[PDB]
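# Descriptive structure summary
Chain by chain, the residues:
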Amino acid sequence: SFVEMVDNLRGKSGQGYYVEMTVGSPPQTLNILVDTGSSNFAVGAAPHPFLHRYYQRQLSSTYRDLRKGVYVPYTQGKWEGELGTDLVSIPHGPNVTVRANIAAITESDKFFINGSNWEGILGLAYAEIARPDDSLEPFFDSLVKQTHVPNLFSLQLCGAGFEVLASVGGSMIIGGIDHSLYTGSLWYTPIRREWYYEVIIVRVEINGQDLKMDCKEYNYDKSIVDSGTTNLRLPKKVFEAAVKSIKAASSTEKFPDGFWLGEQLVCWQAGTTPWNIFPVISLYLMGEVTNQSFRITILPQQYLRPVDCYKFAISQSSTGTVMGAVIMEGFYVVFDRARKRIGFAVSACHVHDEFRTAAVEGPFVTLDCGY
Ligand SMILES: CN1C(=O)[C@@](c2ccsc2)(c2cccc(-c3cccnc3)c2)N=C1N
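Residues numbered from 1 in each chain as written, not as in the entry; some residues may be left out. Heavy atoms only, no water. Residues with missing side-chain atoms left out of burial classes, pairs and counts.

With that settled, the discussion passes to the nonpolar core. Counting 103 residues, the largest nonpolar core has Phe41, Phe139, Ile296, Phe312, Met323 and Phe344 as the members making the most contacts within it. A total of six residues in this core trace back to one element, the largest contributor, which is helix α2 (residues 236–249). In this structure, this core is formed jointly by two domains, domain 1 (17–149) and domain 2 (150–371), each of which donates at least three residues. Every residue in contact with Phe139, bar those within four places of it in the chain, is listed here: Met21, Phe41, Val88, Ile90, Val98, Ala100 and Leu122. Counting 15 residues, the second largest nonpolar core, distinct from the first, contains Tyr18, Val72, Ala103 and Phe112. (Core = buried A, V, L, I, M, F, W, Y, C linked by side-chain atoms within 4.5 Å. Buried < 20%, exposed > 50% of the residue type's maximum accessible area, 1.4 Å probe, protein only. Helix = DSSP H or I, 4+ residues; strand = E, 2+ residues; numbered from the N terminus. Domains from an automatic or database assignment. Contact = heavy atoms within 4.5 Å.)

See below:
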């Protein structure tokens, strides 16, 4: 039941949310990053200075080698390993066990994070971006095929809210929608294509002010929803215009562009934080109806990430828009794979001050925005 999935995620600010899983027989307990921005179930399977535990295939009576390697380079870093299958469960998830593909990472560069407390990665996106190719069934595909779990999951990412990185908590509800996790209406935007969880943004506003761009710029070359990115990441042209508008709303009080550049923290002390001077930001996502859209509106509390010190959690992108955790933390997000759509609703874990609230509001009519 869904009650038992509530609060089944943890993590440290900036270091991703993870869910406890078990792999093999007897069950090996690993914390696994919940990542909607990739499609491989891949787990540390050998000693690494940042890992205090890892998947030992040889200790699993139910392991099966696929005798096939996989190498996954990416911008920041890389990982490589050896493919197999084994029984997998999520203790605080559905009460089922599945035989899933598992990439046992044997080597890796700048992949694991010091102190993050996860040992692996649960790629929840689609086969199309799976490595080494699209024939390696992703975990969720296996789960749905092998069980009667409905082809849907939802993420309520809560952040930290009020020496060591703040802890975050959240819930990953698999196989349904938990009504206690949100208030108000759920609004849906179509998954444009089943690879990433790709969506379309049709408009963005900073404190009500339209950035007035060709909406193609918002989705250049794609816009995705990615729990495995911390930041709201924007294409260059949009980032610049965004930060411009933001710098203006908060003109009273100045910061070094080290801050705006997302590598330099700024601090007030104990509750002096002037949330009020930072503007809300609305992303309008395409509706299920051609000419409709709806907006999700996010507060400075979500895009200033605590490190009272914060880092600016909007950053520039050369690979399109990424609606990462700081955007998702306002909301209850439904990855309705079965109806090919992503719904958004105001989250029960509401990090709002007494003047503003994150919001999901629609419809808005917009009378072509994709790559
Ligand atoms: C953007 N992204 C990645 O770089 C990553 C990926 C997956 C396969 S290769 C790259 C990845 C790998 C390792 C760590 C993290 C990460 C770090 C901090 C916070 N949250 C996630 C993300 N998953 C996504 N979506």
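Having put the structure on the table, let's press on.
Turning to the site of the ligand, a few remarks are in order. Around the ligand, a shell composed of 17 residues is seen, among which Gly16, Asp35, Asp226, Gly228 and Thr229 lie nearest. In this structure, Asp226 approaches the ligand through a side-chain N or O atom, which is 2.8 Å from a nitrogen atom. A distance of 3.3 Å separates a nitrogen atom of the ligand from a polar backbone atom of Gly228. For the ligand, whose accessible area on its own is 530 Å², the fraction buried by protein is 82%. Of the residues contributing to the shell around the ligand, the split by class is six nonpolar, nine polar and two charged. Counting only domains with at least three residues in the shell around the ligand, you end up with domain 1 (17–149) and domain 2 (150–371). (Near = heavy atom within 4 Å. Polar contact = N/O pair within 3.5 Å; in protein donor to acceptor, adjacent residues only side chain to side chain. Areas by Shrake-Rupley, 256 points an atom, 1.4 Å probe, with all protein chains shown as cover. Nonpolar A, V, L, I, M, F, W, Y, C, P; charged D, E, K, R; others polar.)

Let's shift gears to the UniProt feature "disulfide bond" in the protein chain. UniProt's annotated cystine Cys215-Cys369 is reproduced in these coordinates, with an S-S distance of 2.0 Å, under 2.5 Å. Pair check on accessibility: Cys215 and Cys369 agree, each one buried. (Disulfide = S-S within 2.5 Å. UniProt positions renumbered as here; feature names shortened; annotations may be inferred.)

Right, let's get into the domain arrangement of the protein chain. The domain boundaries assigned to the protein chain delineate domain 1 (17–149) and domain 2 (150–371). For domain 1 versus domain 2, the distance between C-alpha centres works out to 27 Å. Between domain 1 and domain 2, the contact holds 19 residues from the first and 28 residues from the second. Summing both sides of the interface, domain 1 and domain 2 together bury roughly 2000 Å²; the carbon and sulfur share of this comes to 63%. Counting the surface domain 1 buries against domain 2, the share from its top three residues, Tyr17, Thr36 and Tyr126, is 41%. Linking domain 1 to domain 2 there are two salt bridges. In this structure, the salt-bridge partner of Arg193 is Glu128, at a minimum N-O distance of 2.5 Å. For the pair domain 1 and domain 2, the number of links is twelve residue pairs in polar contact. Of all the secondary-structure elements, those providing two or more residues to the side of domain 1 that touches domain 2 are β2 (17–23), β3 (28–35) and α1 (139–146). In terms of residue class, the side of domain 1 that touches domain 2 is built from 13 nonpolar, three polar and three charged. (Buried area = accessible area lost by both parts, 1.4 Å probe. Salt bridge = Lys/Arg side-chain N within 4 Å of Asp/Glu carboxyl O.)

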